[PDB]
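Engineer: Here is the sequence, then the experimental structure:
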Amino acid sequence: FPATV
Amino acid sequence: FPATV
Amino acid sequence: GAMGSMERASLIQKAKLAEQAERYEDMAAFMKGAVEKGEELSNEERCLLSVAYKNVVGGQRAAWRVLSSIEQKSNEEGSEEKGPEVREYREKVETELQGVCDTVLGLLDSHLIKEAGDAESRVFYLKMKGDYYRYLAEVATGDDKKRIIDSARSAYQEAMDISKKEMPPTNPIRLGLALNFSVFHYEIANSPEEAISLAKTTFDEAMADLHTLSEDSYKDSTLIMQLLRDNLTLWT
Amino acid sequence: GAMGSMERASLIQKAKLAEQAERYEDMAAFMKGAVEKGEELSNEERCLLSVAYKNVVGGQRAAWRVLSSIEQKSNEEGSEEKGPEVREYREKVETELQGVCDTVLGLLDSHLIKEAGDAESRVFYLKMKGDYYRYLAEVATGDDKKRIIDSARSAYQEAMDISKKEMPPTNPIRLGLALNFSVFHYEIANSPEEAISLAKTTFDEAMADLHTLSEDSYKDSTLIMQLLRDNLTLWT
Ligand SMILES: *SCCNC(=O)C(C)(C)Oc1ccc(Br)c(OC)c1
Ligand SMILES: *SCCNC(=O)C(C)(C)Oc1ccc(Br)c(OC)c1
Ligand SMILES: [Mg+2]
Ligand SMILES: [Mg+2]
Ligand SMILES: [Mg+2]
Ligand SMILES: [Mg+2]
Ligand SMILES: [Mg+2]
Ligand SMILES: [Mg+2]
């Protein structure tokens, strides 16, 4: 999965 | 801590 | 509220303890109680709220993905019928996840967003609103799916518009919003080109502003810039 | 029971799904429902029950230790008074932990142990009884502490007596029981010499029996033997 904050 | 199972 | 009898300050203190003990469900419950006192949240308190729920829903999302993958494999050709249990349990986890998202969205709507006037608060709450609608969209399959996606988009878009007018391009909240809205485009909206464009322009405009920052601010901004770069590398 | 309307087989299936998704609270609830159907458990089902609760209580123990350490530091000289919150929250986690232990002990007493006649079932349930009284002893500070410790001791001792008569010295359940009873001696009963003696004799008597085993049994037994060795290395 891509990075999120 | 020591090992337990 | 089960937290109605506890002092606001005590709820905040216990949220911090719960974080140290990795008790994120408790942390979230304490922060919900704090929000429900009705006062605005400080920057640190907004961070506590977001960390607590991000960890709770993040665990639910991971579990939902495991179960959804098992359910998909069970529906392939040559798979032995195992009954309704996988679907039922995936649905149980999904309903809990939706409940958490609805709780967060409810706190934002009653009444965190409407009292948030500074950019640092308002952008952060609108980013959260986009995030939790995004998590609802991840599991949506029904007749409201388009509206759920559009709700995420609209919240992110309002946050972006404010962030571009009111924050420097290196502001970590502006960066994190862009990171997550870019992921929305790629994973939810079927818009990988928009996702890539947004991440690239955000990264480049932040790079050009780093020269204005102290060493500590530079560390904060470059941390999120690296996440944008990581996603660009994944997507190209 | 909230699980009263679900088929036994469905509860077992969902416990396995919950394990795959790392949802140990759900796993434990499904296995509690399965036990409450009233039928005896198979070896695999006993493993599901023990894994679910070991993970739930293990997380509670870790959180209790974090909070107890903070509480101890707050009570040192020169520490600024922070109010009742740390104690309150430690007490909250402690009470939940005690509730889980009481639930497991209740399943063992009603009626898993009394129907367990084979050594592999009876020793495993009595080991669990010792373990959950041990977890109660870890947090006990009151007038029943000695009785709680003695309850753990008595359950472990009955399991040991059966295991020595009915199982070979390499049986993994015999080994795991000895491992945990040795930890009880060291950490709970203030008996490090007994702990060391038990671990050493168990290890040595297992070593001497490995020659009788298949490759797969050898792997199973040596895994637990290495844990005994790890504790001996820690303690000497
Ligand atoms: S708010 C919690 C503290 N912050 C963080 O954990 C990190 C990831 C270091 O910083 C940021 C930066 C920007 C944003 Br929008 C967030 O949102 C949680 C976190
Ligand atoms: S019962 C769960 C499956 N078993 C295990 O996870 C390991 C640790 C490999 O094996 C053993 C061996 C002996 C005992 Br008493 C246990 O108790 C859980 C586990
Ligand atoms: Mg007050
Ligand atoms: Mg559903
Ligand atoms: Mg644009
Ligand atoms: Mg039936
Ligand atoms: Mg107590
Ligand atoms: Mg002896």
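Structural biologist: Looks like it arrived, so ask away. Residues are numbered from 1 along each chain as shown, chains lettered A, B, ... in the order given. Ligands and ions are numbered 1, 2, ... in the order given.
Engineer: contacts and neighbour counts: CA atoms only from here.
Structural biologist: Will do.
Engineer: who touches the residue in chain C positioned nearest to chain B in this structure?
Structural biologist: Per Cα to the nearest Cα, residue C:21 is where chain C lies closest to chain B, at 17.0 Å. Contacts for residue C:21 (Cα atoms under 8 Å, 6 or more residues apart in numbering or on different chains) come out as D:62-64, D:66-67.
Engineer: how much space between it and ligand 2?
Structural biologist: As for residue C:21, its distance to ligand 2 is 25 Å (criterion: Cα to the nearest ligand atom, to the nearest Å).
Engineer: In three-state terms, label the residue of chain C most remote from its centre for me.
Structural biologist: Outermost residue of chain C with respect to the C-alpha centroid, by Cα atoms, centre = their mean, is residue C:78; its distance is 38.4 Å. Three-state call for residue C:78 (DSSP: H, G, I helix; E, B strand; the rest coil): coil.
Engineer: Hmm, residue C:12 is touching residue C:29, no?
Structural biologist: No. At 10.5 Å, residue C:12 does not count as touching residue C:29 under the criterion of Cα atoms under 8 Å.
Engineer: Now, of the contacts of residue C:21, which are buried?
Structural biologist: Those of these that meet the buried threshold are D:63-64, D:66-67, by 16 or more other Cα atoms under 10 Å in any protein chain shown.
Engineer: Tabulate the residues you listed in JSON lines, adding columns for distance to ligand 1 and secondary structure.
Structural biologist: JSON lines is the format used below for the buried ones among the contacts of residue C:21 (distance: Cα to the nearest ligand atom, whole Å; DSSP: H, G, I helix; E, B strand; the rest coil):
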{"residue": "D:63", "distance to ligand 1": "21", "secondary structure": "helix"}
{"residue": "D:64", "distance to ligand 1": "24", "secondary structure": "helix"}
{"residue": "D:66", "distance to ligand 1": "21", "secondary structure": "helix"}
{"residue": "D:67", "distance to ligand 1": "22", "secondary structure": "helix"}
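Engineer: ok, so of the residues you listed, who is nearest chain C?
Structural biologist: residue D:63 (4.8 Å).
Engineer: hang on, the closest one packs against residue D:92?
Structural biologist: No. The criterion here is Cα under 8 Å, and residue D:63 misses it with residue D:92 at 10.9 Å.
Engineer: which bits of chain C sit near chain D?
Structural biologist: C:10, C:13-14, C:17, C:20-23, C:62-64, C:66-67, C:85-86, C:89 (Cα under 8 Å from any Cα of the partner chain).
Engineer: let's go with 7 Å and repeat that
Structural biologist: Chain C has residues C:10, C:14, C:21, C:63, C:66-67, C:85, C:89 near chain D, with proximity defined as Cα under 7 Å from any Cα of the partner chain.
Engineer: filter the contacts of residue C:21 down to the ones near chain A?
Structural biologist: Of the contacts of residue C:21, not one also sits near chain A (Cα under 7 Å from any Cα).
Engineer: about what we covered before: distance of the residue of chain C closest to chain B relative to residue D:65?
Structural biologist: For residue C:21, the distance to residue D:65 (Cα to Cα, to the nearest Å) stands at 9 Å.
Engineer: For residue C:213, state which of the buried ones among the contacts of residue C:21 is nearest.
Structural biologist: Closest approach to residue C:213 among those (Cα to Cα): residue D:66, at 36.9 Å.
Engineer: Excluding chain neighbours, what is closest to that closest one?
Structural biologist: Leaving out its chain neighbours, the residue that sits closest to residue D:66 by Cα to Cα, 6 or more residues apart in numbering or on different chains is residue C:21, at 5.8 Å.
Engineer: so what's the spatially most central residue of chain C up against?
Structural biologist: By Cα atoms, centre = their mean, the mean C-alpha position of chain C lies nearest to residue C:131, the distance being 3.5 Å. Residue C:131 is in contact with residue C:152, counting by Cα atoms under 7 Å, 6 or more residues apart in numbering or on different chains.
Engineer: Helices along chain C, start to end?
Structural biologist: Remark: helices assigned in chain C by DSSP state H are C:8-20, C:24-35, C:43-74, C:85-107, C:113-115, C:119-139, C:145-166, C:172-183, C:192-207, C:215-235.
Engineer: and the third one, which residues are buried?
Structural biologist: Buried residues in helix C:43-74, counted by 16+ other Cα under 10 Å: C:45-46, C:48-57, C:59-61, C:63-68, C:70-71, C:74.
Engineer: Could you list the contact residues of chain C toward ligand 1?
Structural biologist: C:47, C:50-51, C:172-173, C:176-177 (Cα under 6 Å from any ligand atom).
Engineer: and with 8 Å instead?
Structural biologist: C:43-44, C:46-48, C:50-51, C:124, C:127, C:171-177, C:220-221, C:223-224 (Cα under 8 Å from any ligand atom).
Engineer: which of the contacts of residue C:21 lies closest to residue C:182?
Structural biologist: Distances from residue C:182 to these, taken by Cα to Cα, are shortest for residue D:63, at 36.0 Å.
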